[PDB]
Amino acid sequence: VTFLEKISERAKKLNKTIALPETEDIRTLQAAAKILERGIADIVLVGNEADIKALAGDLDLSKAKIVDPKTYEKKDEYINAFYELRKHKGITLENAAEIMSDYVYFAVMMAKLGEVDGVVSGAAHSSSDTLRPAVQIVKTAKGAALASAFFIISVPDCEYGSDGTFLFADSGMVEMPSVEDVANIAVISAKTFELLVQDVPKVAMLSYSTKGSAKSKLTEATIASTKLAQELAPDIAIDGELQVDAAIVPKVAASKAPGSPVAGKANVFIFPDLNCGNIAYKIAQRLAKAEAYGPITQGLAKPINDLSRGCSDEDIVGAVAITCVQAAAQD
């Protein structure tokens, strides 16, 4: 039972390494130490040993590496690395001596420079601002035209989706996707779903309309995205426009949506905009009592995930596990 227990039992086998820059926060050190007791990941604590000494009390962070930006033996490599990408903005060479003191920035760069598989922060830092440094240093992947935030949504006592589990996107970051984002989000989401849920993605591109039923500007920015998509990733099951019932309910799909590759079996939900995306996930979580995991970022070169201002050592452990499974994508 449970997305996250499955995810961490797979991370235990991937042997990925994640950086944790928030070493002046307690729950982070609890995570590291739990992470290592369980074999979920090797870990690098970007921080300060003296500071961490009187934070990690009855905890064993021995197995974990400790890296200090202002001491660490490749410091000037990381600074050179940073200045080169950011120099286009009129930022000086020593101004990389700023920014690259941030354990966050330092952590993110270790990932880029191959020294780590991914990074997880944002526990008491800031939830829009882990993304910029991730964007500054790492940026998008390959067939990733953009990025995205998705949620995993597991509905209890549920038969629809992948035994109750869906990916919803974008439900967390991208506010007004174009026809071409909704496109690219659909494709990235299918691969993300597939890696993380280990089931065949069947993508419903959601609307108030089911293939024909209504016609407006919105409906036109959907069928469009369906068709663009159906054609970037032709081996992928994609279909639209589909209402939620057509998408997941077969007996409805068997009137509204005959011969659909997805209608009736959908397990990925792609939303027109973040109003729809966010509203929908919250309704799933709060009214349908779904467990929601996210926001999780997709489409970056290395997985860098941002946390929530109020969550537990046990949550951070799980975020790290998810990131490990994401890093498996590029093996």
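Numbering starts at 1 and follows the sequence shown.
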Higher of the two mean Cα B-factors (205 to 213, 255 to 263; per PDB record) comes from 255 to 263
Taking the recorded C-alpha temperature factors, which stretch has the higher mean, 179 to 187 or 93 to 101? 93 to 101
Could you say which of 300, 46, 276, 290 has its CA atom at the highest B factor, as listed in the PDB entry? 46
Lowest, middle or highest third: where is residue 173 by C-alpha B factor in its chain? lowest
Among the modelled residues of its chain, the C-alpha B-factor of residue 164 falls in the third labelled lowest
Taking only the Cα B-factors deposited for this chain, tell me whether residue 296 sits in the lowest, middle or highest third. lowest
Would you check the entry's CA temperature factor for residue 18 and let me know if it's in the chain's lowest, middle or highest third? middle
Third of chain Cα B-factors occupied by residue 154: lowest
